[PDB]
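When reading the values below, keep in mind they use all heavy atoms of this one structure, side chains included, and skip hydrogens, waters and symmetry mates. In each ligand, atom 1 is the first atom listed, and ligand 1 is the first ligand listed. Along the sequence shown, residues are numbered consecutively beginning with 1.
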Amino acid sequence: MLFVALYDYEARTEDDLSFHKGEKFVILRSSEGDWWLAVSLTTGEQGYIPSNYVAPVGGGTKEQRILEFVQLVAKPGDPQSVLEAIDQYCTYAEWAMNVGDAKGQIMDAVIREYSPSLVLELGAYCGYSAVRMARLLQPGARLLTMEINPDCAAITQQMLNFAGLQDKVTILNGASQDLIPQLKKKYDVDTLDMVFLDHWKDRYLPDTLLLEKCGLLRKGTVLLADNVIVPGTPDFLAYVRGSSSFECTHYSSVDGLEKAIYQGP
Ligand SMILES: Nc1ncnc2c1ncn2[C@@H]1O[C@H](CSCC[C@H](N)C(=O)O)[C@@H](O)[C@H]1O
Ligand SMILES: [K+]
């Protein structure tokens, strides 16, 4: 991750940045047996540094490494910055299953169009989408995310702490089918304005039917489902588009999001 410059270096080529010895860099990936792609801590610029000038300092899983990149590169308490850091690392360093910047354009439009006062995310992972949505909630508005994996939950918590969004989000530890019935009970929710679906692709139908059967859906509650089409959510995308209880709308960027506005029982 963290490297230091051993020698001063003026930029030659078209793709490299300049630096003084002692400047730190956080490394995105190598290229040849030389060249790294990196971010200057001094200027936040991304570019190529030659391996002859640079060496590792001492800064396990992909998930701590995304979190570590954010804490080195992004401005804390600035959600836009954190999103750009995760985007940057997951573009050039390591693929990760966050909804990207692309599908995140869609969510921004849906979140903005429908001003939810209360959102349920199913699948936090590294906290990318939680930040993406919570940065757009009106003051007072709440986000609730559900994450099985306690490991993914621990990272999501730090990622929110870093973004400054911890105060308007609440991670819930467990599987969906465990937690969804607990919702009105244990976390005083009446109905849900919006639900985001990016957890395991098969559970998109139990949980939908469960939430319905739990009353948490109201007329007008918006269901947004990631990874229809790619991976593939085939019985969800059939249940919902043929049920009179949902008006569906499809969006691309070819993967896509399905908007499913609940029209009632
Ligand atoms: N049934 C379930 N209940 C709660 N969390 C689940 C779940 N099935 C899968 N998950 C979690 O959902 C995550 C899916 S990856 C989702 C990425 C995230 N929505 C983003 O865009 O940034 C994984 O971390 C997995 O642990
Ligand atoms: K995916």
Side-chain angles (χ1 to χ4, degrees), residues 61-67 69-70 74 79-80 82-91 94-111 119-136 143-160 162-163 165 169-183 186-187 192 194-211 214 216 223-237 251-258:
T61 72
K62 181 163 63 178
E63 286 74 34
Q64 295 113 333
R65 282 176 279 158
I66 290 166
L67 179 80
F69 189 86
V70 170
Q80 183 58 250
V82 172
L83 267 56
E84 276 164 26
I86 301 166
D87 274 348
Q88 182 172 36
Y89 189 87
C90 292
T91 297
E94 264 177 299
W95 178 86
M97 50 180 166
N98 308 114
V99 307
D101 196 22
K103 297 189 284 190
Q105 307 282 326
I106 299 321
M107 290 162 78
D108 290 359
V110 170
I111 289 288
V119 182
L120 176 57
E121 173 179 64
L122 297 164
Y125 184 32
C126 284
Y128 181 88
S129 45
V131 174
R132 168 71 70 173
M133 312 205 280
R135 96 190 196 289
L136 287 186
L143 171 73
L144 285 171
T145 191
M146 275 162 181
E147 175 55 51
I148 309 165
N149 204 330
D151 289 315
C152 291
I155 302 300
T156 304
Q157 184 57 51
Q158 313 305 312
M159 195 69 87
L160 291 149
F162 198 77
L165 293 167
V169 182
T170 294
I171 309 159
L172 274 293
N173 308 264
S176 60
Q177 39 81 51
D178 283 301
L179 300 172
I180 297 187
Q182 310 281 340
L183 267 184
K186 198 64 61 67
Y187 301 99
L192 271 56
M194 180 165 169
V195 174
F196 184 53
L197 303 150
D198 191 10
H199 67 109
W200 292 137
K201 311 291 101 175
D202 66 349
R203 284 315 294 302
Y204 284 26
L205 287 82
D207 275 343
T208 293
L209 272 41
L210 179 58
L211 270 161
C214 277
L216 295 147
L223 275 289
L224 194 67
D226 181 42
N227 298 134
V228 307
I229 305 167
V230 196
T233 50
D235 307 357
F236 164 89
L237 206 69
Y251 298 104
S252 285
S253 297
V254 185
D255 201 350
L257 284 300
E258 193 76 354

Problem set entry | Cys152: numbered ligand 1 atoms lying under 4.0 Å from its heavy atoms | 24 (O)
Exercise. Which atoms of ligand 1 are found less than 4.0 Å from any heavy atom of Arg203?
Worked result: 1 (N)
For this session: Taking the side chain as every heavy atom from C-beta outward, state whether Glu121 and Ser129 have any pair of such atoms under 4.5 Å apart.
Result: yes
Seminar exercise, completed: Rounding to 0.5 Å, atoms CG (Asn227) and CG (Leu197) come to a distance of 10.5 Å
For this session: Could you tell me the residue and atom name of the protein heavy atom closest to atom 14 (C) of ligand 1, and the distance to it rounded to 0.1 Å?
Result: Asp198 O, 3.1 Å
Exercise. In ligand 1, which numbered atoms sit nearer than 4.0 Å to a non-hydrogen atom of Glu121?
Worked result: 19 (N)
Exercise. Which option, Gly174, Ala130, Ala153, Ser129, owns the non-hydrogen atom nearest atom 18 (C) of ligand 1?
Worked result: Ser129
Exercise. Under a 4.0 Å heavy-atom limit, does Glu147 contact ligand 1 with its side chain, its backbone, both, or neither?
Worked result: both
For this session: For ligand 1, note which part of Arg132 has a heavy atom under 4.0 Å away: side chain, backbone, both or neither.
Result: neither
Exercise. Using the benzene-type ring in the case of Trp, are the ring centres of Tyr204 and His199 under 6.0 Å apart?
Worked result: yes
Exercise. By number and element, which atoms of ligand 1 are closer than 4.0 Å to a non-hydrogen atom of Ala175?
Worked result: 3 (N), 4 (C)
Problem set entry | Residue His199 vicinity, atoms of ligand 1 by number, heavy atom under 4.0 Å | 1 (N), 2 (C), 6 (C), 7 (C), 8 (N), 9 (C), 10 (N), 12 (O), 14 (C)
For this session: Check the angle between the aromatic planes of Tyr89 and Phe69 and answer parallel, tilted or perpendicular using the 30° and 60° thresholds.
Result: tilted
For this session: Flag the pair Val110 / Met194 as yes when at least one side-chain heavy-atom distance between them is below 4.5 Å, and no otherwise.
Result: yes
Exercise. Who's closest to atom 1 (N) of ligand 1 heavy-atom-wise, of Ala124, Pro206, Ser176, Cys90?
Worked result: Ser176
Exercise. Short question: side chain of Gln64, backbone of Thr61 - any donor-acceptor pair under 3.5 Å?
Worked result: yes
For this session: Taking the side chain as every heavy atom from C-beta outward, state whether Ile171 and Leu160 have any atom pair closer than 4.5 Å.
Result: yes
Exercise. What residue and atom, counting heavy atoms only, is the protein's closest point to atom 21 (O) of ligand 1, and at what distance?
Worked result: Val99 N, 2.8 Å
Seminar exercise, completed: Closest to atom 9 (C) of ligand 1 among protein heavy atoms sits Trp200 CD1, 3.1 Å
For this session: Answer whether the closest heavy-atom distance between the side chains of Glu63 and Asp151 falls below 4.5 Å.
Result: no
For this session: Find the distance between CD (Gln157) and CG (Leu67) and round it off to the nearest 0.5 Å.
Result: 11.0 Å
Exercise. Does the N or O separation between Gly123 and ligand 1 drop below 3.5 Å for any pair?
Worked result: yes
Exercise. Taking only heavy atoms of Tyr125, which atoms of ligand 1 are found under 4.0 Å from at least one of them?
Worked result: 15 (S), 16 (C), 17 (C), 24 (O)
Problem set entry | Test of proximity, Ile148 against ligand 1: N or O pairs below 3.5 Å | yes
Problem set entry | Residue and atom name of the nearest protein heavy atom (relative to atom 22 (O) of ligand 1), distance in Å to one decimal | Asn98 ND2, 3.0 Å
Exercise. If we only count N/O pairs under 3.5 Å, is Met97 in contact with ligand 1?
Worked result: no
For this session: State the CZ-SG distance between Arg65 and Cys90, to the nearest 0.5 angstrom.
Result: 10.5 Å
Exercise. To the nearest 0.5 Å, how far apart are CG in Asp101 and CE in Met107?
Worked result: 11.0 Å
